Every structure is written in structure tokens, then in C-alpha cells.
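Chemist: Sharing a structure, written as C-alpha cells. Questions coming.
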2 protein chains.
Amino acid sequence: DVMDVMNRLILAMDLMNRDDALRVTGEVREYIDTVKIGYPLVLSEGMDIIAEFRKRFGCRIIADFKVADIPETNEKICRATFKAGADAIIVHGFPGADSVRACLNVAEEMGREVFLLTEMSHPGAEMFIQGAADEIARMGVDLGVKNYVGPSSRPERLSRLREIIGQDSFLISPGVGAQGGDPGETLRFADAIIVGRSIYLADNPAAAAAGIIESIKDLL
Amino acid sequence: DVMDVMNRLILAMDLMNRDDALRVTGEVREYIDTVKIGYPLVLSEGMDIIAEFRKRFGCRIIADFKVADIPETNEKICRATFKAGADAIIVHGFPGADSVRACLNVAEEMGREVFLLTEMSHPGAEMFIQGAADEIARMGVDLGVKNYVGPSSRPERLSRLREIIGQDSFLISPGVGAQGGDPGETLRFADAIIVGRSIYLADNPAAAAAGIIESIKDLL
Ligand SMILES: O=c1cc(O)n([C@@H]2O[C@H](COP(=O)(O)O)[C@@H](O)[C@H]2O)c(=O)[nH]1
Ligand SMILES: O=c1cc(O)n([C@@H]2O[C@H](COP(=O)(O)O)[C@@H](O)[C@H]2O)c(=O)[nH]1
């Protein structure tokens with residue numbers, strides 16, 4: 001048993017201005033309790049933005065840092081990220097098992113979680129990532145990873161990834177809306193959908209979030 | 001014709017405390033004019049550290065951010081990084097051509113450079129990256145990439161990557177010292193070596209740098 005994030009919907013907050021990011025996040029907080037913060041916001045406004053969001057909104061924070069370095073550097077990135085208050089960090093699987101294990105070790109030390117990114121949602125993912133993705137997922141299973149990221153834009157791939165990681169793993173999925181993925185279809189396989197632009201570029205982000213949730217009401 | 005970095009030696013400044021990072025960098029500045037700053041330092045001390053180093057030391061700065069996202073996010077990361085004053089940014093090739101092109105476009109807009117990371121130096125690189133690395137390098141060539149990163153720990157791989165990118169491309173190489181790579185052998189194929197721990201953890205970082213340079217004097 002694992003509790004769903006609110007409405008199975010995670011906000012990808014990739015606005016690069018603190019005031020805009022705070023405005024939109026506050027506007028959709030009644031619908032979303034889990035926010036993904038990545039480098040567009042962090043490199044513009046600083047790591048302190050993580051604790052600020054956590055305090056102001058009382059939301060979960062996933063640091064989407066696509067950690068993709070050697071083990072020693074990965075350990076340092078993870079430590080800094082958890083010190084900043086992130087609940088979880090997203091790590092690339094493609095650099096291999098030692099790089100992932102380094103992140104898992106720090107997460108264990110600090111009482112936090114790692115999400116393993118398997119296949120990516122964009123067209124370029126077909127070149128190198130897709131062919132390795134099943135094996136990346138199996139590596140995750142072998143390492144004891146319980147949380148995964150896979151692509152809304154390829155539900156047949158998402159289904160295959162779900163098959164590899166099992167029903168007990170937690171799977172979140174970006175590529176919904178702007179990149180062409182469908183909320184309902186994605187939630188056949190993923191526990192939660194990640195949505196950025198379709199919400200944060202909307203004239204009314206709250207209405208956009210509400211509309212997405214309405215379209216998946218029967219899956220909640 | 002391209003000018004070598006001073007002594008063909010790039011410092012990987014992965015200390016996480018500003019005072020320590022400034023001390024070590026200042027101590028070795030007579031030997032090294034090009035510094036690689038990554039997320040260990042940036043996530044601990046902020047993006048302002050890039051401009052501070054540039055001003056205080058008058059050195060080149062390579063932002064080692066292993067950029068590894070979708071095109072839209074990559075563009076944002078690159079813009080923030082060049083705004084912060086970085087001369088170049090390191091981008092992963094594994095996510096594919098569109099993701100790389102997004103970084104190249106921003107570099108072109110802002111008069112900066114992209115380095116393409118092909119094969120990595122750590123053991124886990126053997127699992128997925130190594131098998132794709134030749135094709136990643138060829139993709140770089142096709143995209144007009146002129147600057148590359150490849151592994152000191154596998155000189156036979158470094159040689160192959162040099163063959164693919166040609167003599168006119170600029171190639172820098174980490175994994176020297178701590179990870180087992182040899183300065184002189186690496187410089188048979190790479191234009192410059194990247195060195196972190198062997199310098200920054202030394203009792204006397206200046207002496208460590210001087211020693212490395214002494215060992216490769218005939219290649220300068
Ligand atoms: O495969 C992936 C993995 C991601 O983390 N992402 C991230 O998920 C978000 C997608 O946002 P959007 O809904 O605006 O397309 C972005 O933050 C992107 O960096 C992705 O798009 N595809
Ligand atoms: O394949 C690669 C690519 C890298 O950027 N690096 C980076 O180069 C540096 C190696 O530092 P060191 O000399 O302490 O091993 C680190 O900053 C690491 O993140 C690497 O080690 N291997």
C-alpha cells in the first residue's frame with residue numbers, strides 16, 4: 001500500500017522567476033500537493049527555493065536533477081539536494097549501476113527517496129535511451145529501486161516498464177499535454193502524471209489543473 | 001589552430017565550501033587557467049560562484065552540468081548557465097540529437113560553447129554508455145559539435161573517440177589520478193586533462209599541480 005499524490009497529479013514547476021513560480025504554485029495548490037522542481041528554477045533562484053516551497057505550500061518536493069555523473073560526484077549532488085530539503089531526487093539510470101547506488105546510499109543515510117529515470121519522453125530518446133531502457137529498469141529492480149519515471153508519450157513503453165518494475169513500484173510519468181501524452185491513458189500504467197506547461201502557461205493554471213482532474217475523475 | 005588551455009590541465013573544482021574552493025583555486029592559478037565547476041560547488045554556494053571565480057582568477061569556466069533533459073528544459077538550463085557567465089557547458093549525448101541541438105542553439109545565441117560528453121570514465125559507463133559512445137560521437141560530428149569529453153580511464157576508447165571526432169576537434173578528458181588514468185598517456189589523444197581530487201585533496205595542491213605538469217613537460 002502506497003498513498004497516491006493528491007489527484008495523481010504532479011506539477012512540473014519550470015518557470016524561472018520566483019514570483020511567477022510562487023504565484024502559479026499557490027494557485028494550483030488546492031489540486032496538487034506534490035511539486036517537481038528542476039534546474040530551470042533552481043539555477044535561476046537558488047537551492048533555497050526548495051525549502052521555501054516546502055514551507056509556504058506544505059507540499060512534497062521532487063528535485064528533478066537528472067543526476068548523471070560518476071558515483072563520487074553523484075553522492076555530493078544528492079547530499080546537497082537533501083540538505084536543501086528535497087523529499088526525493090530523480091537520477092538517470094543510463095550511467096550505470098554504481099552511479100545509481102551512490103544516490104541510493106545517500107538517500108538511505110538521509111531518509112529520502114530516489115526516483116530512477118528509465119526511458120525519456122522526447123523524440124531524441126529513441127536514439128540511445130529507448131534501446132537500453134528495459135535493462136535500465138531491470139537494473140533498478142536489482143538495486144532495490146522502488147520509484148521510477150517513464151514516458152507519457154509512449155504508453156506501450158510505459159506498460160512494458162510497469163511490467164518490469166511490478167505493481168508494487170511507484171511510477172510517475174511526464175510528457176502529458178504539451179508533449180502529446182494523455183492524462184487518462186498514462187494513468188493506466190503510471191501512479192501519477194507530471195504536468196508542466198499545460199498548467200503553468202495556461203491563462204488560468206487553476207482551471208487547467210481542475211480540467212485535467214475532471215478528465216480523470218473516475219481514476220481517482 | 002586552437003590555443004591549448006594553460007599546461008593542458010583543467011582543474012575539477014568539486015569542493016563544496018566556497019572558502020576551500022577559493023583557496024585551492026587561488027593556490028593553483030599559476031599553473032591552471034581553466035576551471036571546471038560542477039553541481040557539487042554550484043548547488044552548495046550558488047550560481048554566483050561562476051562569476052566570482054571568473055573575476056577573481058581571470059580563468060575560463062566550464063560549467064559541468066551534464067545536461068541531460070528534454071530539449072525545452074535543456075534550453076532553459078543553458079540560458080541560465082550562460083547568463084551566470086560560464087564560457088562553456090557540458091552536455092550529455094545519450095539523450096539524443098534534439099536535446100543536444102537545443103543546447104547548441106542557446107550557445108549560438110549567447111556566443112558560448114558546448115562540450116559533448118561521449119563515454120564516461122567510471123566503471124558503470126560500461127553498462128549502457130560505452131556501447132552507444134561511438135554513435136554519440138558521430139552524432140556530435142553530424143551536429144557540428146567541436147568540443148568533446150571522453151575517458152582517461154580507457155585510453156583505447158579515447159583513441160577511438162579521437163578518430164571519430166578528428167584532429168580539429170577539441171577533446172578534454174577526466175579520470176586522471178584518482179580514477180586511475182595517466183596524464184601523459186591521456187594527452188596522446190586528449191588536448192587537455194581534467195584533474196580533481198589528485199589536486200584538491202592534496203596537502204599541497206600547488207605542488208600536486210606542479211608535479212603533474214613536470215611529468216608531462218615534453219608534451220607542452
Ligand atoms: O522523460 C522526461 C523526463 C522528465 O523529467 N521530463 C520533465 O518533465 C517536465 C515536462 O514538462 P511539460 O509538461 O511542460 O512538457 C519537464 O520538467 C521535463 O524536464 C520530461 O519532460 N521528460
Ligand atoms: O566521465 C566523466 C565525466 C566527468 O565530467 N567527470 C568529472 O570529472 C571530475 C573527475 O574528478 P577526479 O579527478 O576527482 O576524479 C569530476 O568533476 C567528475 O564529475 C568524470 O569524472 N568522468
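Ligands are numbered from 1 in the order shown, residues from 1 within each chain, and chains are lettered A, B, ... in the order they appear in the C-alpha cells.
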Under the rule of at most 6 Å, produce a per-residue listing of chain B near chain A: chain, number, name, the closest pair of atoms, and the distance in Å, as a tab-separated table, using only C-alpha atoms.

Modeler:
```
residue	atom	partner	partner_atom	distance
B:40	CA	A:77	CA	5.4
B:70	CA	A:122	CA	5.9
B:76	CA	A:40	CA	5.6
B:77	CA	A:40	CA	5.4
B:94	CA	A:128	CA	5.9
B:95	CA	A:125	CA	5.4
B:96	CA	A:124	CA	4.3
B:97	CA	A:124	CA	5.7
B:98	CA	A:124	CA	5.5
B:122	CA	A:70	CA	5.9
B:124	CA	A:96	CA	4.3
B:125	CA	A:95	CA	5.4
B:127	CA	A:96	CA	5.7
B:128	CA	A:94	CA	5.9
```

Chemist: With N, CA, C and O atoms kept, could you save the residues just selected as a tab-separated table (two decimals), in the first residue's frame?

Modeler:
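Now in again29.tsv:
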```tsv
chain	number	residue	atom	x	y	z
B	40	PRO	N	28.45	19.97	-7.51
B	40	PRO	CA	28.83	19.96	-6.08
B	40	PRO	C	29.08	21.36	-5.52
B	40	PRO	O	28.61	21.68	-4.42
B	70	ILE	N	15.02	16.98	-21.68
B	70	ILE	CA	14.35	17.19	-22.96
B	70	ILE	C	14.81	18.53	-23.55
B	70	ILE	O	15.35	19.37	-22.84
B	76	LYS	N	16.51	26.01	-21.23
B	76	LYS	CA	16.43	26.84	-20.03
B	76	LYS	C	17.69	26.72	-19.18
B	76	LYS	O	18.22	27.72	-18.68
B	77	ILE	N	18.17	25.49	-19.00
B	77	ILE	CA	19.38	25.27	-18.22
B	77	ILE	C	20.57	26.00	-18.86
B	77	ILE	O	21.33	26.69	-18.18
B	94	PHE	N	23.80	11.09	-24.62
B	94	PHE	CA	22.92	9.91	-24.57
B	94	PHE	C	21.43	10.24	-24.78
B	94	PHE	O	20.72	9.45	-25.39
B	95	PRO	N	20.94	11.41	-24.31
B	95	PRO	CA	19.52	11.71	-24.56
B	95	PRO	C	19.16	12.04	-26.02
B	95	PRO	O	17.98	12.22	-26.32
B	96	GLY	N	20.13	12.12	-26.91
B	96	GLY	CA	19.82	12.24	-28.33
B	96	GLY	C	20.03	13.60	-28.95
B	96	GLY	O	20.35	14.58	-28.26
B	97	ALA	N	19.80	13.66	-30.26
B	97	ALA	CA	20.23	14.81	-31.05
B	97	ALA	C	19.44	16.07	-30.80
B	97	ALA	O	20.01	17.17	-30.84
B	98	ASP	N	18.13	15.94	-30.58
B	98	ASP	CA	17.32	17.12	-30.32
B	98	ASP	C	17.73	17.81	-29.02
B	98	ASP	O	17.82	19.04	-28.96
B	122	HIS	N	33.86	6.17	-15.36
B	122	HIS	CA	33.64	5.28	-14.22
B	122	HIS	C	33.22	3.88	-14.68
B	122	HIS	O	32.80	3.69	-15.82
B	124	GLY	N	30.61	1.99	-14.17
B	124	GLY	CA	29.24	1.86	-14.64
B	124	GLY	C	29.04	2.30	-16.08
B	124	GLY	O	28.06	1.89	-16.71
B	125	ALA	N	29.94	3.12	-16.62
B	125	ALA	CA	29.84	3.55	-18.01
B	125	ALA	C	29.86	2.37	-18.97
B	125	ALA	O	29.40	2.48	-20.11
B	127	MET	N	28.08	-0.26	-18.80
B	127	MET	CA	26.79	-0.94	-18.90
B	127	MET	C	25.96	-0.50	-20.10
B	127	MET	O	25.45	-1.34	-20.85
B	128	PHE	N	25.84	0.81	-20.30
B	128	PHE	CA	24.99	1.36	-21.35
B	128	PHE	C	25.70	2.41	-22.20
B	128	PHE	O	25.50	2.48	-23.41
```

Chemist: Enumerate as a PDB file with C-alpha atoms, in the first residue's frame all residues of stretch 100-187 of chain B assigned to alpha helix (DSSP H) by DSSP on the backbone, naming them with the chain letters and numbers the document uses.

Modeler:
```pdb
ATOM      1  CA  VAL B 100      21.983  18.393 -27.896  1.00  0.00           C
ATOM      2  CA  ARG B 101      20.756  20.761 -30.606  1.00  0.00           C
ATOM      3  CA  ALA B 102      18.750  22.698 -28.034  1.00  0.00           C
ATOM      4  CA  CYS B 103      21.998  23.410 -26.161  1.00  0.00           C
ATOM      5  CA  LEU B 104      23.845  24.306 -29.376  1.00  0.00           C
ATOM      6  CA  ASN B 105      21.121  26.814 -30.271  1.00  0.00           C
ATOM      7  CA  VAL B 106      21.434  28.648 -26.965  1.00  0.00           C
ATOM      8  CA  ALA B 107      25.241  28.593 -27.191  1.00  0.00           C
ATOM      9  CA  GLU B 108      24.980  30.144 -30.649  1.00  0.00           C
ATOM     10  CA  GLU B 109      22.580  32.814 -29.373  1.00  0.00           C
ATOM     11  CA  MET B 110      24.828  33.726 -26.463  1.00  0.00           C
ATOM     12  CA  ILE B 129      27.114   4.345 -22.302  1.00  0.00           C
ATOM     13  CA  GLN B 130      30.127   2.571 -23.783  1.00  0.00           C
ATOM     14  CA  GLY B 131      28.039   0.658 -26.343  1.00  0.00           C
ATOM     15  CA  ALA B 132      26.438   3.894 -27.561  1.00  0.00           C
ATOM     16  CA  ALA B 133      29.514   6.109 -27.305  1.00  0.00           C
ATOM     17  CA  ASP B 134      30.890   5.803 -30.849  1.00  0.00           C
ATOM     18  CA  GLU B 135      27.467   6.690 -32.238  1.00  0.00           C
ATOM     19  CA  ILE B 136      27.092   9.543 -29.743  1.00  0.00           C
ATOM     20  CA  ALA B 137      30.400  10.914 -31.018  1.00  0.00           C
ATOM     21  CA  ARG B 138      29.309  10.537 -34.653  1.00  0.00           C
ATOM     22  CA  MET B 139      26.058  12.334 -33.776  1.00  0.00           C
ATOM     23  CA  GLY B 140      28.172  15.154 -32.391  1.00  0.00           C
ATOM     24  CA  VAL B 141      30.151  15.351 -35.613  1.00  0.00           C
ATOM     25  CA  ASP B 142      26.913  15.431 -37.634  1.00  0.00           C
ATOM     26  CA  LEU B 143      25.578  18.263 -35.438  1.00  0.00           C
ATOM     27  CA  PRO B 155      42.777   5.246 -23.488  1.00  0.00           C
ATOM     28  CA  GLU B 156      41.807   2.761 -26.227  1.00  0.00           C
ATOM     29  CA  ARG B 157      38.308   4.284 -26.105  1.00  0.00           C
ATOM     30  CA  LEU B 158      39.779   7.780 -26.025  1.00  0.00           C
ATOM     31  CA  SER B 159      41.792   6.947 -29.144  1.00  0.00           C
ATOM     32  CA  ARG B 160      38.706   5.641 -30.949  1.00  0.00           C
ATOM     33  CA  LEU B 161      36.745   8.760 -29.991  1.00  0.00           C
ATOM     34  CA  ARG B 162      39.594  10.956 -31.274  1.00  0.00           C
ATOM     35  CA  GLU B 163      39.431   9.032 -34.551  1.00  0.00           C
ATOM     36  CA  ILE B 164      35.723   9.777 -34.885  1.00  0.00           C
ATOM     37  CA  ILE B 165      35.877  13.467 -33.982  1.00  0.00           C
ATOM     38  CA  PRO B 183      48.353  12.249 -17.505  1.00  0.00           C
ATOM     39  CA  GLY B 184      50.867  11.544 -20.274  1.00  0.00           C
ATOM     40  CA  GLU B 185      49.018   8.651 -21.882  1.00  0.00           C
ATOM     41  CA  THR B 186      45.757  10.604 -21.856  1.00  0.00           C
TER      42      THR B 186
END
```

Chemist: Can you tell me, as a VMD selection string, what residues are no more than 10 Å from stretch 188-197 of chain B when counting only C-alpha atoms, ignoring any on the same chain fewer than 3 positions away?

Modeler: chain B and resid 2 to 15 34 to 36 148 to 152 155 to 163 167 169 to 179 181 to 185 200 to 202 205 209 212 219

Chemist: Check the DSSP output for the backbone and give back, as an MDAnalysis selection string, the residues of stretch 22-201 of chain A in strand (DSSP E or B).

Modeler: chainID A and resid 34:38 60:67 88:92 113:117 147:149 170:173 176 181 192:195

Chemist: Atom 7 (C, counted along the ligand's line) of ligand 2 to atom CA of residue A:17: how many Å, to one decimal?

Modeler: 29.7 Å

Chemist: Looking at A:204, A:153, A:215, A:147, which one is nearest to ligand 1, with distances taken over only C-alpha atoms and all ligand atoms?

Modeler: A:153

Chemist: Calculated over only C-alpha atoms and all ligand atoms, which of the candidates A:112, A:203, A:59, A:37 has the smallest distance to ligand 1?

Modeler: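 Smallest separation from ligand 1 among the options: A:37.
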
Chemist: For the atom pair atom CA of residue A:50 and atom 22 (N, counted along the ligand's line) of ligand 2, what is the interatomic distance in Å to one decimal place?

Modeler: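 Between atom CA of residue A:50 and atom 22 (N, counted along the ligand's line) of ligand 2 the gap is 27.9 Å.
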
Chemist: Restricting the calculation to only C-alpha atoms: of A:111, A:206, A:117, A:87, which residue gets closest to residue A:23?

Modeler: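 Closest to residue A:23, using only C-alpha atoms: A:206.
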
Chemist: Between atom CA of residue B:213 and atom 5 (O, counted along the ligand's line) of ligand 2, what is the distance in Å, rounded to a tenth?

Modeler: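 Separation of atom CA of residue B:213 and atom 5 (O, counted along the ligand's line) of ligand 2: 20.6 Å.
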
Chemist: Which is closest to ligand 1 among A:220, A:187, A:114, A:91, if we use only C-alpha atoms and all ligand atoms?

Modeler: A:91
